[PDB]
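For reference, my_file.txt is printed below; it contains compact mmCIF, N, CA and C atoms.
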# COMPACT_ATOMS: atom_id res chain seq x y z
N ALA T 1 124.28 181.80 59.27
CA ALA T 1 123.33 181.49 60.33
C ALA T 1 122.84 180.05 60.23
N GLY T 2 122.72 179.39 61.38
CA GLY T 2 122.26 178.01 61.39
C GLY T 2 120.75 177.90 61.37
N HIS T 3 120.22 177.38 60.28
CA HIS T 3 118.77 177.22 60.13
C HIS T 3 118.44 175.91 59.43
N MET T 4 117.19 175.47 59.56
CA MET T 4 116.74 174.23 58.94
C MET T 4 115.94 174.52 57.67
N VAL T 5 116.28 175.61 56.99
CA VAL T 5 115.60 175.99 55.77
C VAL T 5 116.57 176.59 54.75
N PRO T 6 117.44 175.73 54.20
CA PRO T 6 118.44 176.15 53.21
C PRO T 6 117.81 176.53 51.87
N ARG T 7 118.64 176.94 50.92
CA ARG T 7 118.16 177.33 49.60
C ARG T 7 119.29 177.24 48.57
N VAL T 8 119.17 176.28 47.66
CA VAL T 8 120.17 176.09 46.62
C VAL T 8 120.44 177.39 45.87
N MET T 9 121.72 177.67 45.62
CA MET T 9 122.11 178.88 44.91
C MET T 9 122.52 178.57 43.48
N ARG T 10 123.39 177.58 43.32
CA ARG T 10 123.87 177.18 42.01
C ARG T 10 124.17 175.68 41.97
N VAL T 11 123.91 175.06 40.82
CA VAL T 11 124.15 173.63 40.65
C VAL T 11 124.80 173.34 39.31
N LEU T 12 125.88 172.56 39.33
CA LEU T 12 126.60 172.20 38.12
C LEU T 12 126.97 170.73 38.12
N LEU T 13 127.24 170.19 36.93
CA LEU T 13 127.62 168.78 36.80
C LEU T 13 129.03 168.65 36.23
N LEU T 14 129.83 167.79 36.85
CA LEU T 14 131.20 167.56 36.41
C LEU T 14 131.32 166.23 35.67
N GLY T 15 131.09 165.14 36.40
CA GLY T 15 131.18 163.82 35.80
C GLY T 15 130.42 163.73 34.49
N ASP T 16 131.15 163.54 33.40
CA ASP T 16 130.53 163.43 32.08
C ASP T 16 129.58 162.24 32.02
N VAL T 17 129.01 162.00 30.84
CA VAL T 17 128.08 160.89 30.65
C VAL T 17 128.53 159.98 29.51
N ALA T 18 129.66 160.34 28.89
CA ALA T 18 130.19 159.55 27.78
C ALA T 18 130.27 158.07 28.14
N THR T 19 130.98 157.77 29.22
CA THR T 19 131.13 156.39 29.67
C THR T 19 129.85 155.87 30.31
N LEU T 20 128.88 156.77 30.50
CA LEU T 20 127.61 156.41 31.10
C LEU T 20 126.47 156.56 30.10
N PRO T 21 126.31 155.56 29.22
CA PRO T 21 125.27 155.56 28.19
C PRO T 21 123.87 155.38 28.79
N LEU T 22 122.88 155.20 27.92
CA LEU T 22 121.50 155.02 28.37
C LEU T 22 121.41 153.93 29.42
N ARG T 23 122.13 152.83 29.20
CA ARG T 23 122.13 151.71 30.13
C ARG T 23 122.66 152.14 31.50
N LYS T 24 123.83 152.79 31.50
CA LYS T 24 124.44 153.25 32.73
C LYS T 24 123.55 154.27 33.43
N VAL T 25 123.21 155.34 32.72
CA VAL T 25 122.36 156.39 33.28
C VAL T 25 121.06 155.81 33.82
N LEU T 26 120.48 154.87 33.08
CA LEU T 26 119.23 154.23 33.49
C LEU T 26 119.39 153.54 34.84
N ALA T 27 120.31 152.58 34.90
CA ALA T 27 120.57 151.85 36.13
C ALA T 27 120.98 152.79 37.26
N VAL T 28 122.02 153.58 37.01
CA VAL T 28 122.51 154.52 38.01
C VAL T 28 121.39 155.42 38.52
N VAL T 29 120.91 156.31 37.66
CA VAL T 29 119.84 157.23 38.03
C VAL T 29 118.66 156.47 38.64
N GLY T 30 118.41 155.27 38.14
CA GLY T 30 117.31 154.47 38.65
C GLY T 30 117.44 154.19 40.13
N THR T 31 118.40 153.34 40.49
CA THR T 31 118.63 152.99 41.89
C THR T 31 119.01 154.21 42.71
N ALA T 32 119.98 154.97 42.21
CA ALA T 32 120.43 156.17 42.90
C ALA T 32 119.26 157.03 43.35
N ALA T 33 118.40 157.39 42.40
CA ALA T 33 117.23 158.21 42.70
C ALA T 33 116.28 157.49 43.65
N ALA T 34 116.09 156.19 43.41
CA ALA T 34 115.21 155.38 44.24
C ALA T 34 115.66 155.39 45.70
N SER T 35 116.95 155.66 45.91
CA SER T 35 117.51 155.69 47.25
C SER T 35 117.60 157.13 47.77
N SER T 36 116.88 158.03 47.11
CA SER T 36 116.89 159.44 47.49
C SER T 36 115.51 159.86 48.00
N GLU T 37 115.41 161.12 48.43
CA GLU T 37 114.15 161.65 48.95
C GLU T 37 113.79 162.96 48.26
N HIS T 38 114.58 163.33 47.25
CA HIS T 38 114.34 164.56 46.50
C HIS T 38 112.89 164.63 46.03
N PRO T 39 112.43 165.86 45.75
CA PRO T 39 111.06 166.10 45.28
C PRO T 39 110.82 165.58 43.87
N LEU T 40 111.90 165.14 43.22
CA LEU T 40 111.81 164.61 41.87
C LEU T 40 111.86 163.09 41.87
N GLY T 41 111.88 162.50 43.06
CA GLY T 41 111.92 161.06 43.18
C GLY T 41 110.86 160.37 42.34
N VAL T 42 109.60 160.74 42.58
CA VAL T 42 108.49 160.16 41.84
C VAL T 42 108.72 160.23 40.34
N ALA T 43 109.24 161.36 39.88
CA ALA T 43 109.52 161.56 38.46
C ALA T 43 110.55 160.56 37.96
N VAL T 44 111.77 160.67 38.47
CA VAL T 44 112.85 159.77 38.08
C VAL T 44 112.44 158.31 38.22
N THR T 45 111.70 158.01 39.29
CA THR T 45 111.24 156.66 39.54
C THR T 45 110.39 156.14 38.38
N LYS T 46 109.32 156.87 38.07
CA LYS T 46 108.42 156.49 36.98
C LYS T 46 109.18 156.41 35.66
N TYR T 47 110.10 157.34 35.46
CA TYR T 47 110.89 157.38 34.23
C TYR T 47 111.69 156.09 34.06
N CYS T 48 112.63 155.85 34.96
CA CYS T 48 113.47 154.66 34.90
C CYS T 48 112.61 153.40 34.97
N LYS T 49 111.47 153.50 35.64
CA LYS T 49 110.56 152.37 35.78
C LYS T 49 109.93 152.00 34.44
N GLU T 50 109.61 153.02 33.64
CA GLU T 50 109.01 152.81 32.33
C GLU T 50 110.08 152.52 31.28
N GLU T 51 111.30 152.96 31.56
CA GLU T 51 112.41 152.74 30.64
C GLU T 51 112.96 151.32 30.76
N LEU T 52 112.96 150.80 31.98
CA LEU T 52 113.46 149.45 32.24
C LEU T 52 112.31 148.44 32.22
N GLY T 53 111.14 148.87 32.68
CA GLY T 53 109.99 147.99 32.70
C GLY T 53 109.87 147.23 34.01
N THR T 54 110.64 147.64 35.01
CA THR T 54 110.62 146.99 36.31
C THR T 54 110.43 148.01 37.43
N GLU T 55 109.72 147.61 38.47
CA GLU T 55 109.46 148.48 39.61
C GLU T 55 110.45 148.22 40.74
N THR T 56 111.52 147.50 40.42
CA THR T 56 112.54 147.18 41.41
C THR T 56 113.73 148.13 41.32
N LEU T 57 113.92 148.93 42.36
CA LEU T 57 115.02 149.89 42.39
C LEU T 57 115.24 150.41 43.81
N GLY T 58 116.50 150.70 44.14
CA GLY T 58 116.82 151.21 45.46
C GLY T 58 117.49 150.16 46.33
N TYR T 59 118.37 149.37 45.73
CA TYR T 59 119.08 148.32 46.46
C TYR T 59 120.42 148.84 46.98
N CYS T 60 120.66 148.62 48.27
CA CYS T 60 121.90 149.07 48.89
C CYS T 60 122.89 147.91 49.02
N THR T 61 124.06 148.07 48.42
CA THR T 61 125.09 147.04 48.47
C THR T 61 126.22 147.43 49.41
N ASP T 62 126.90 148.53 49.09
CA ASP T 62 128.01 149.01 49.91
C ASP T 62 127.55 150.16 50.81
N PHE T 63 128.14 150.24 52.00
CA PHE T 63 127.80 151.29 52.96
C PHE T 63 129.05 151.92 53.55
N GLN T 64 129.10 153.25 53.53
CA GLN T 64 130.25 153.97 54.07
C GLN T 64 129.80 155.24 54.79
N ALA T 65 130.12 155.33 56.07
CA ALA T 65 129.75 156.49 56.88
C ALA T 65 130.96 157.37 57.15
N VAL T 66 130.74 158.68 57.19
CA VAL T 66 131.81 159.63 57.44
C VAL T 66 131.31 160.83 58.25
N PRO T 67 131.22 160.64 59.58
CA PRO T 67 130.75 161.69 60.49
C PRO T 67 131.76 162.83 60.62
N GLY T 68 131.68 163.79 59.70
CA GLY T 68 132.59 164.92 59.73
C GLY T 68 132.89 165.46 58.35
N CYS T 69 132.61 164.66 57.33
CA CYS T 69 132.85 165.06 55.95
C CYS T 69 131.62 164.83 55.09
N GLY T 70 130.93 163.72 55.33
CA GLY T 70 129.74 163.40 54.57
C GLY T 70 129.36 161.94 54.67
N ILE T 71 128.89 161.37 53.56
CA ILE T 71 128.49 159.97 53.53
C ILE T 71 128.63 159.39 52.13
N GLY T 72 128.66 158.07 52.04
CA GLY T 72 128.79 157.41 50.75
C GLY T 72 128.38 155.95 50.80
N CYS T 73 127.82 155.46 49.70
CA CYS T 73 127.39 154.07 49.62
C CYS T 73 127.13 153.66 48.17
N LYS T 74 127.13 152.36 47.92
CA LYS T 74 126.89 151.83 46.58
C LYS T 74 125.52 151.18 46.49
N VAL T 75 124.69 151.68 45.58
CA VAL T 75 123.35 151.15 45.39
C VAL T 75 123.06 150.89 43.91
N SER T 76 122.46 149.75 43.62
CA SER T 76 122.13 149.38 42.25
C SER T 76 121.22 148.16 42.21
N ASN T 77 120.12 148.27 41.48
CA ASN T 77 119.17 147.17 41.36
C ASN T 77 119.45 146.34 40.11
N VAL T 78 120.29 146.87 39.24
CA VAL T 78 120.65 146.18 38.00
C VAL T 78 121.02 144.72 38.27
N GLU T 79 121.79 144.50 39.33
CA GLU T 79 122.22 143.16 39.70
C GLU T 79 121.01 142.27 40.00
N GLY T 80 120.09 142.79 40.81
CA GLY T 80 118.91 142.04 41.16
C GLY T 80 118.01 141.77 39.97
N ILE T 81 118.08 142.63 38.97
CA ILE T 81 117.27 142.48 37.77
C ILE T 81 117.96 141.58 36.75
N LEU T 82 118.99 142.10 36.11
CA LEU T 82 119.74 141.34 35.11
C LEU T 82 120.28 140.05 35.70
N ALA T 83 120.68 140.11 36.97
CA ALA T 83 121.21 138.94 37.66
C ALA T 83 122.31 138.27 36.84
N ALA T 84 123.25 139.08 36.36
CA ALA T 84 124.36 138.57 35.56
C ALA T 84 125.51 139.57 35.51
N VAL T 85 125.17 140.85 35.41
CA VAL T 85 126.17 141.91 35.35
C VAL T 85 125.93 142.95 36.44
N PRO T 86 126.31 142.60 37.68
CA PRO T 86 126.15 143.49 38.83
C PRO T 86 127.09 144.69 38.78
N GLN T 87 126.56 145.87 39.09
CA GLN T 87 127.36 147.09 39.08
C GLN T 87 127.00 147.99 40.25
N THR T 88 127.84 147.99 41.28
CA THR T 88 127.61 148.80 42.46
C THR T 88 127.90 150.27 42.18
N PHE T 89 126.83 151.06 42.04
CA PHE T 89 126.97 152.48 41.77
C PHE T 89 127.28 153.25 43.05
N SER T 90 128.55 153.62 43.21
CA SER T 90 128.98 154.36 44.39
C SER T 90 128.48 155.80 44.35
N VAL T 91 127.95 156.27 45.48
CA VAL T 91 127.43 157.62 45.57
C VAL T 91 127.77 158.25 46.92
N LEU T 92 128.62 159.27 46.89
CA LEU T 92 129.03 159.96 48.11
C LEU T 92 128.69 161.44 48.04
N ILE T 93 128.39 162.03 49.19
CA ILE T 93 128.04 163.45 49.26
C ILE T 93 128.73 164.12 50.44
N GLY T 94 129.29 165.30 50.20
CA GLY T 94 129.97 166.03 51.26
C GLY T 94 130.38 167.43 50.83
N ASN T 95 131.06 168.14 51.72
CA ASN T 95 131.51 169.50 51.42
C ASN T 95 132.98 169.51 51.04
N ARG T 96 133.58 170.70 51.05
CA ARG T 96 134.99 170.85 50.70
C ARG T 96 135.84 169.81 51.42
N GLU T 97 135.48 169.51 52.66
CA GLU T 97 136.21 168.53 53.46
C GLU T 97 136.35 167.21 52.71
N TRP T 98 135.22 166.56 52.44
CA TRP T 98 135.21 165.29 51.73
C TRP T 98 135.79 165.45 50.33
N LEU T 99 135.34 166.48 49.62
CA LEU T 99 135.82 166.74 48.27
C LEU T 99 137.34 166.71 48.21
N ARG T 100 137.98 167.32 49.21
CA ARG T 100 139.43 167.37 49.27
C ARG T 100 139.99 166.06 49.83
N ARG T 101 139.28 165.48 50.79
CA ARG T 101 139.71 164.23 51.41
C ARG T 101 139.95 163.16 50.36
N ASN T 102 139.20 163.22 49.27
CA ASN T 102 139.33 162.26 48.18
C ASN T 102 139.83 162.93 46.91
N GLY T 103 139.79 164.26 46.89
CA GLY T 103 140.24 165.00 45.73
C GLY T 103 141.75 165.14 45.69
N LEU T 104 142.36 165.38 46.85
CA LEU T 104 143.80 165.53 46.94
C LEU T 104 144.26 165.55 48.39
N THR T 105 145.51 165.96 48.61
CA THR T 105 146.06 166.03 49.96
C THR T 105 145.61 167.29 50.68
N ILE T 106 146.23 168.41 50.34
CA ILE T 106 145.89 169.69 50.95
C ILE T 106 146.26 170.86 50.05
N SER T 107 145.43 171.90 50.05
CA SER T 107 145.67 173.07 49.23
C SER T 107 145.23 174.34 49.95
N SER T 108 146.20 175.19 50.29
CA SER T 108 145.91 176.44 50.99
C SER T 108 145.05 177.36 50.13
N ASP T 109 145.18 177.22 48.82
CA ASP T 109 144.41 178.03 47.88
C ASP T 109 142.96 177.58 47.84
N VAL T 110 142.75 176.27 47.80
CA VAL T 110 141.40 175.71 47.75
C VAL T 110 140.66 175.96 49.06
N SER T 111 141.34 175.74 50.18
CA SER T 111 140.75 175.94 51.49
C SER T 111 140.46 177.42 51.74
N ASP T 112 141.43 178.26 51.42
CA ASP T 112 141.29 179.70 51.61
C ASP T 112 140.14 180.25 50.77
N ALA T 113 140.08 179.82 49.51
CA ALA T 113 139.04 180.26 48.60
C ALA T 113 137.66 179.83 49.09
N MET T 114 137.54 178.56 49.47
CA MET T 114 136.28 178.03 49.96
C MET T 114 135.77 178.84 51.15
N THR T 115 136.64 179.04 52.14
CA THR T 115 136.28 179.80 53.33
C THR T 115 136.10 181.28 53.01
N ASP T 116 136.78 181.74 51.97
CA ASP T 116 136.70 183.14 51.56
C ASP T 116 135.29 183.47 51.08
N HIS T 117 134.72 182.59 50.27
CA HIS T 117 133.37 182.79 49.74
C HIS T 117 132.32 182.34 50.75
N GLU T 118 132.68 181.38 51.60
CA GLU T 118 131.77 180.87 52.61
C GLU T 118 131.37 181.96 53.59
N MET T 119 132.13 183.05 53.60
CA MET T 119 131.86 184.17 54.49
C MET T 119 130.55 184.85 54.12
N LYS T 120 130.02 184.52 52.95
CA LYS T 120 128.77 185.10 52.47
C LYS T 120 127.58 184.26 52.92
N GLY T 121 127.86 183.14 53.59
CA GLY T 121 126.80 182.27 54.06
C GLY T 121 126.52 181.13 53.10
N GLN T 122 127.38 180.97 52.11
CA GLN T 122 127.21 179.91 51.12
C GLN T 122 127.73 178.58 51.65
N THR T 123 127.06 177.50 51.27
CA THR T 123 127.46 176.16 51.71
C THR T 123 127.88 175.30 50.53
N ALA T 124 129.01 174.61 50.68
CA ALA T 124 129.52 173.74 49.63
C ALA T 124 129.06 172.30 49.84
N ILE T 125 128.31 171.78 48.87
CA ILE T 125 127.81 170.41 48.95
C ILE T 125 127.79 169.75 47.58
N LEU T 126 128.76 168.89 47.33
CA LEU T 126 128.86 168.19 46.05
C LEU T 126 128.66 166.69 46.23
N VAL T 127 128.40 165.99 45.13
CA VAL T 127 128.19 164.55 45.17
C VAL T 127 129.06 163.84 44.14
N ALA T 128 129.78 162.81 44.58
CA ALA T 128 130.65 162.05 43.70
C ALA T 128 130.03 160.70 43.35
N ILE T 129 130.23 160.27 42.11
CA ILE T 129 129.69 159.00 41.64
C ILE T 129 130.78 158.13 41.03
N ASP T 130 130.90 156.90 41.53
CA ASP T 130 131.90 155.97 41.04
C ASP T 130 133.31 156.51 41.27
N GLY T 131 133.50 157.18 42.40
CA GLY T 131 134.80 157.74 42.72
C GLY T 131 135.16 158.92 41.84
N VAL T 132 134.14 159.59 41.31
CA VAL T 132 134.35 160.74 40.44
C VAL T 132 133.25 161.78 40.62
N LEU T 133 133.64 163.00 40.96
CA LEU T 133 132.68 164.08 41.16
C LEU T 133 131.69 164.16 40.00
N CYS T 134 130.46 163.71 40.24
CA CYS T 134 129.43 163.74 39.22
C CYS T 134 128.76 165.11 39.15
N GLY T 135 128.52 165.70 40.31
CA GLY T 135 127.88 167.01 40.36
C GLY T 135 128.21 167.76 41.63
N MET T 136 128.08 169.08 41.58
CA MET T 136 128.36 169.92 42.74
C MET T 136 127.24 170.94 42.96
N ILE T 137 126.86 171.12 44.22
CA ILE T 137 125.80 172.07 44.56
C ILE T 137 126.32 173.15 45.50
N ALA T 138 125.84 174.37 45.31
CA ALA T 138 126.25 175.50 46.14
C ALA T 138 125.04 176.19 46.76
N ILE T 139 124.83 175.97 48.05
CA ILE T 139 123.71 176.58 48.76
C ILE T 139 124.05 178.00 49.21
N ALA T 140 123.02 178.83 49.33
CA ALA T 140 123.21 180.21 49.76
C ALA T 140 122.34 180.54 50.97
N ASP T 141 122.94 180.48 52.15
CA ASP T 141 122.22 180.77 53.39
C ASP T 141 122.51 182.18 53.87
Write the structure described by the file as structure tokens, please.
Amino acid sequence: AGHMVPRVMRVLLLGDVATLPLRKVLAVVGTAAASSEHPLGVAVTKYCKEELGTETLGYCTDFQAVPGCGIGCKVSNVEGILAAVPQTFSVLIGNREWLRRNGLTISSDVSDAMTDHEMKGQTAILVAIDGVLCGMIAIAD
């Protein structure tokens, strides 16, 4: 059913953090979160703000629109701060469509499975970071 009151069912993270140390996570989560509207914005904001010592975050560098699959863009304040080692943190969000659009060519098993479970009213919404699925969310409507 189409409604303006969804409800997250399950959330998992794929993109590891090995290559993303305190510095990476700080900058990424910093700007990334600063460019979000989640109810945890204030939290992440104050956190990265106290960890870096700067109130500058939420800079948009790259912009990519996708009317039909999702959206994506690169945001990072690290460049404006350090002003020496700029790193555009790419962040895209979409459903099975986008996930597959960049995940692979086509899979009857993946599409069939997605639609198979979607019959329960569940919505597929994952987010990729740096061209790599960082996390995936599954809503239950």
Do you know which residues are at most 8 Å from region 24-37 of chain T counting only N, CA and C atoms, after dropping those on the same chain fewer than 3 positions away, and could you put them as a PyMOL selection string?
-> chain T and resi 17+19-21+40-42+44-45+47-49+51-52+56-60+74-78+89+91
Skipping near chain neighbours, those fewer than 2 positions away, what residues fall within 9 Å of region 108-114 of chain T using only C-alpha atoms, listed as a list in words?
-> residues 96, 97, 100, 106, 116, 117, 118, 119 and 124 of chain T
Distance atom N of residue 68 (chain T)-atom N of residue 99 (chain T), one decimal place?
->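 Spanning atom N of residue 68 (chain T) to atom N of residue 99 (chain T) is a straight-line distance of 11.1 Å.
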Non-local contacts of residue 7 (chain T) (6 Å; only N, CA and C atoms; under 3 positions in same chain excluded) as a ChimeraX atom specification | /T:139-141
Go ahead and write the residues just picked, N, CA and C atoms, as an mmCIF file, keeping the file's coordinate frame.
data_model
loop_
_atom_site.group_PDB
_atom_site.id
_atom_site.type_symbol
_atom_site.label_atom_id
_atom_site.label_comp_id
_atom_site.auth_asym_id
_atom_site.auth_seq_id
_atom_site.Cartn_x
_atom_site.Cartn_y
_atom_site.Cartn_z
ATOM 1 N N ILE T 139 124.830 175.970 48.050
ATOM 2 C CA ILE T 139 123.710 176.580 48.760
ATOM 3 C C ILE T 139 124.050 178.000 49.210
ATOM 4 N N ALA T 140 123.020 178.830 49.330
ATOM 5 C CA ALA T 140 123.210 180.210 49.760
ATOM 6 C C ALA T 140 122.340 180.540 50.970
ATOM 7 N N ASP T 141 122.940 180.480 52.150
ATOM 8 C CA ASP T 141 122.220 180.770 53.390
ATOM 9 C C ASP T 141 122.510 182.180 53.870
#
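Scanning region 49-94 of chain T with DSSP on the backbone, the strand (DSSP E or B) assignments fall on residues 60, 61, 62, 63, 64, 65, 66, 70, 71, 72, 73, 74, 75, 90, 91, 92, 93 and 94 of chain T.
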Expressed in Å to a single decimal, how great is the separation between atom N of residue 128 (chain T) and atom N of residue 55 (chain T)?
-> 25.9 Å
Which residues, written as JSON, numbers by chain, have at least one atom at most 8 Å from residue 13 (chain T), with all atoms listed in the file counted and residues fewer than 4 positions away on the same chain left out?
-> {"T": [133, 134, 135, 136, 137]}
